[PDB]
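Enquirer: Encoded as structure tokens, here's the structure I'll be asking about.
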Amino acid sequence: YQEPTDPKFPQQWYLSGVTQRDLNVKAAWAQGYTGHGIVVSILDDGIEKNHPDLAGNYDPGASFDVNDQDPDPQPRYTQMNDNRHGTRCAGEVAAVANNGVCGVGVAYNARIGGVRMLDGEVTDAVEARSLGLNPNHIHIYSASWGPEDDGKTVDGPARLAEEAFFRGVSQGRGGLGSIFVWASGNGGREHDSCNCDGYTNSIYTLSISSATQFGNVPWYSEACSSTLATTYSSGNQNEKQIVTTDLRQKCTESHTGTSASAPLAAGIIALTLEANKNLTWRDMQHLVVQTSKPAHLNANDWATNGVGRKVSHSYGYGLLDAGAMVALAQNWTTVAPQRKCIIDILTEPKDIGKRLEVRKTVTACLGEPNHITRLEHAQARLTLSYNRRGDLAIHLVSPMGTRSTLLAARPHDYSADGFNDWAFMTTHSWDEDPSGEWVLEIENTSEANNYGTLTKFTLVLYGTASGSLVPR
Ligand SMILES: *[C@@H]1O[C@H](CO)[C@@H](O)[C@H](O)[C@H]1NC(C)=O
Ligand SMILES: [Ca+2]
Ligand SMILES: [Ca+2]
Ligand SMILES: [Ca+2]
Ligand SMILES: [Cl-]
Ligand code: NA
Ligand code: NA
Ligand code: NA
């Protein structure tokens, strides 16, 4: 294998590195996987389809302009170069290789498109028509956007967009399911908590956080239990950033944030899908859980779950490992059909006060077709009132002892509107047996005399009843 000769490839430290602080992409390339035959679409502010490092891979069938209702996603050019983001993201996935221009995409032989959908009024219908674009042609969708990262918002997909997620994973890609890759958020400065973002908190999105070059939690990071894994992105000014295609046929070395991490993940997922085109949307999440690497990512909350895997709320299961992903994909056995076990926990409303603990021992639908012995995602769907929402911290403990933070204190969230059947999601108990005692903790983290009531707690378990590995 001959590595790319592109002029900025040496600057793509998160690929070209030789000091083990990288995404192990060369190993996949050397196995013969560069993205041939895979189609990825960037859902953002447009794509410069004539960019010298994108044109060779550009796919009009992966593209649309939902803002102006036409097929051509070319960005709107302005003095401030506002609409540059989709072009930056596209090059991370699929910039052309060995052409003397800028660097390379992770999947530099994949086909790449863009949906111009952020440059206008972004309605539920706009989101739904973007997520649902050409779903039997596009394999993988990448979205580096979501609800305002102000640390006070709780919001997620409305009805059309949620319907688009369920149609995508159910009937998309020939019934194997659209793969929706999501950036977990850029609200770290505001102490945002990313389970309050219903796009990344969805089970249907493969949510990705960031690590800095030196292996630390970047300033912009949001911790939450819904995140699955991590890719490198930007950090402090001594740390390098992401190198990619830029608006006006240029090359940038300064792409940043979790917005840059999701496209890198989408590229790795494209290499993985080339290695096994029959992988389902759930198969792909299993591969990420099994192969991602904690090593040398620094966080104070690394914990070993019930099947021996290390998990962090900043990083999920750790750094994506492209070589390991493509290797495991090749002989992967399709997982069994997804089961869903619904457990209504409360028999009466519960005053929260300073602190509330709810314990329930469950059988996880024993004796039923939805019996689960091998968890995937779990949700605590909570309905509660509280006078100051951001003073709450919420934890969920699995029978195996895995403590998932469902919500951390958000100092800027003054809302009195509580949570209305909000489906807080955790990936941290993946592959555990969910039978036994679950514990919900709700705590007032302030000294104020706050008050409210928990009126509904639905524990929703997803998973199967077959095929477990020996614990790590
Ligand atoms: C894909 O997986 C399904 C489920 O295991 C199987 O029935 C089908 O034969 C597979 N198709 C290919 C092309 O491997
Ligand atoms: Ca257009
Ligand atoms: Ca190039
Ligand atoms: Ca956020
Ligand atoms: Cl469901
Ligand atoms: Na919404
Ligand atoms: Na998600
Ligand atoms: Na148990």
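Please read every residue number as a count from 1 along the shown chain.
Placed from the backbone N, Cα and C atoms, the Cβ positions cover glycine too.
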Enquirer: Which of these ranges is annotated region 'Disordered' in Swiss-Prot: 53-74, 229-250?
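Expert: That would be 53-74, per the region 'Disordered' entry in Swiss-Prot.
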Enquirer: From the candidates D119, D124, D192, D197, give the one listed by Swiss-Prot for the same Ca(2+) 3 site as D149, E222.
Expert: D192
Enquirer: Please work out, from what Swiss-Prot records, which of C196, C224 forms the disulfide with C194.
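Expert: In Swiss-Prot, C194 forms its disulfide bond with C224.
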Enquirer: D53, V96, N99, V101, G103 bind Ca(2+) 1 in Swiss-Prot, but which of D6, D155, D283, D301 does that record place at the same site?
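Expert: Ca(2+) 1 site check in Swiss-Prot: besides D53, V96, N99, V101, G103, the record includes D6 out of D6, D155, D283, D301.
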Enquirer: Starting from the Ca(2+) 3 site formed by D149, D192, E222, give every other residue of that chain whose CB sits within 8 Å of the mean position of their CB atoms, in sequence order.
Expert: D150, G151, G185, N186, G187, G188, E190, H191, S193, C194, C196, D197, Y220
Enquirer: Quick check on the recorded positions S184, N444: which one has the highest count of other Cβ atoms within 10 Å of its Cβ?
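Expert: Highest number of other Cβ atoms within 10 Å: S184.
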Enquirer: At the level of the C-alpha atoms, what whole-angstrom distance separates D192 (Ca(2+) 3 binding site) and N278 (N-linked glycosylation site)?
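Expert: Each residue's Cα considered, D192 (Ca(2+) 3 binding site) and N278 (N-linked glycosylation site) end up 37 Å apart.
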Enquirer: With the Cβ under 6 Å from ligand 1 as the test, give me the qualifying entries from the recorded positions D45, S184, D197, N278.
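Expert: Checked recorded positions vs ligand 1; flagged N278.
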Enquirer: Tally of helix, strand and coil residues over the expression tag (466-472) according to DSSP?
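Expert: Per-class counts: 0 helix, 0 strand, 7 coil.
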